[PDB]
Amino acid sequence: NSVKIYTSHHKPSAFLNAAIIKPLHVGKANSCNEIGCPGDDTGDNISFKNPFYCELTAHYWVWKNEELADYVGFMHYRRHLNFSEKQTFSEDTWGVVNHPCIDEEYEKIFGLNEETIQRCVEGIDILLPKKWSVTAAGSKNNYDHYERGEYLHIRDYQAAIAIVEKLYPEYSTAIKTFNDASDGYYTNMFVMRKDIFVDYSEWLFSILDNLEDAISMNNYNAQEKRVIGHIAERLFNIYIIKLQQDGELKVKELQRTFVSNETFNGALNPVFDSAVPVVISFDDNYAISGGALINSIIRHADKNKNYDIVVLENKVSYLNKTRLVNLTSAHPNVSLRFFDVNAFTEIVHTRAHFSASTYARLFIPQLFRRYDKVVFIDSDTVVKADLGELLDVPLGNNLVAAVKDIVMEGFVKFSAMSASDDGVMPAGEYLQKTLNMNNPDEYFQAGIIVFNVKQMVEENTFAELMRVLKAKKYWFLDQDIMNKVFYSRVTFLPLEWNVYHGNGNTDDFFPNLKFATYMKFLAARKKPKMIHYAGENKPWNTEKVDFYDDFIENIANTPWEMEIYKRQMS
């Protein structure tokens, strides 16, 4: 006895833990993002039709590409079926059983595990939710319910009915029965036997193929455009009624569940067996900076290495996401994927308000927990060397590798006033008291960090990062949080890997540091391995900036090239 049930996701959303539930990113052919599960857009598929077919694209993809278990099923991502013996849970106005979020109790009480689902499907042909009555909604019957639909047009359903009549004359009585009935299964959520699934699939999609030739939309909006999926809900009933009229059919109606709070529990998988994982975070307004950075990474990439680039994007435009991927198209050793950074607000929480993008670095050990090591780099940078050699630096059981922050070194030396929830104090005292660093001199800059993810997973560093995030607001936000949590667990990278470009004036601050540090800064400027445009004067704005040619070099011959001229003509 084998069961495989598929859940349809369109954004980062919690996954069920049972191995028999397979999540699918439906409509992935139209998405530039990853959500942590395979898409419906591999092999023989109709993923691009998801705006119109809805979850039928998952149905189609499983039908054409999956090795079918003895039972094949489909559920929504926040709406599932109750497979447990207790079918007496409190239901509401719509007949659904509500549960706050997807947790271990949710999967236990609703029987969302292999053992409970297997006993529920024992000698049953089809499992599905309870019928819903159209007479309460004011409709006379199921046919009239389609016609009165706010976003429905009966001519589309009439066209589908004629096709069933022509292609399958033996269904005419089943069509009449459903259309004149006052109830039915208004759902695409079911579990049915392998042989019934194949027969229904061949039957349903033969009708839908002809339906595409028989109807034409008339300025349909997003809801009306789902006409195909809406029609398939009626065909589902016509098909079942025909099976019941022919002979036996054992149907088990189950309760429906609803999850009121969306969460995210997934993770990104590596795309190569061995690669240099590079993590960048920016919104649409910094997409130009991210393009130059990614182009700089490609230009200094080792031909014999692979590069797994993941952008934690905050509403980057579809155009910019397309342009960014197009930078990697000619390079099979360079992958670029996008993840909605805003999923981090609902992973383990601080119920105060905070920006997922502002604190994105804190979530690297969780999202990338399947990686051994990962290199984060600020988006306002360009590299002058292979980022892969950062992966070769021996880390031991240190949590991170990073560059010592010489700007903070100046803040401590010159008694710059800090600002946080603990008041206002010199930066040196702030580092010792608030950040609990016995040596404030070990403060590292967060513009480039090699995460020892494997060690963070063993120590559950992520839970500590969240705890520190909850406790108070810090002067330099996640940079302060990571300096506190990673203290005495930091490998120090040479200054060549994080060279400040100096803003408009580089001679005002750095020459007044410790002489040895100033010498290290002067030597690093002469052969940088990464240039950090940290500050107010960005190269995509003024041109009158140190290392400005290094930025232009990587933005020339990209779609952002002509943007820089207008964006610079103040």
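Don't overthink the numbering: it's just position in the shown sequence, from 1.
> For the stretch from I347 to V348, please bin the deposited residues that the model skips: none, 1 to 3, 4 to 9, or 10 or more.
Unmodelled stretch: 1 to 3 residues, a short break.
> Using only the Cα atoms and their B-factors as the entry lists them, report which of 133-141 and 316-324 averages higher.
So the stretch with the higher mean C-alpha B-factor is 133-141.
> Between 51-59 and 539-547, point out the one with the higher average CA B-factor as the PDB entry records it.
Stretch with the greater average CA B-factor: 539-547.
> Tell me, please, which of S206, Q445, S260, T381 has the highest C-alpha B factor according to the deposited entry?
The C-alpha B-factor peaks, among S206, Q445, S260, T381, at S260.
> Between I280, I481, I161, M417, which one tops the list for C-alpha B-factor in the PDB entry?
Max CA B-factor in the entry, restricted to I280, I481, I161, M417: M417.
> Within this chain's modelled residues, let me know which third the CA B factor of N554 belongs to: lowest, middle or highest.
Lowest third.
> Split the chain's modelled residues into thirds by Cα B-factor; is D213 in the lowest, middle or highest one?
Bottom third by C-alpha B-factor.
> Pull the Cα B-factor of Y106 out of the PDB entry and bin it into the chain's lowest, middle or highest third.
Within its chain, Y106 is a highest-third residue by C-alpha B-factor, going by the deposited values.
> Would you mind ranking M466 by its C-alpha B-factor against the rest of the chain and naming the third, lowest, middle or highest?
For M466, whose C-alpha B-factor we compare with every modelled residue in the chain, the answer is the lowest third.
> According to the PDB entry, is the CA B factor of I531 in the bottom, middle or top third of its chain, that is, lowest, middle or highest?
Lowest third of the chain for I531's C-alpha B-factor.
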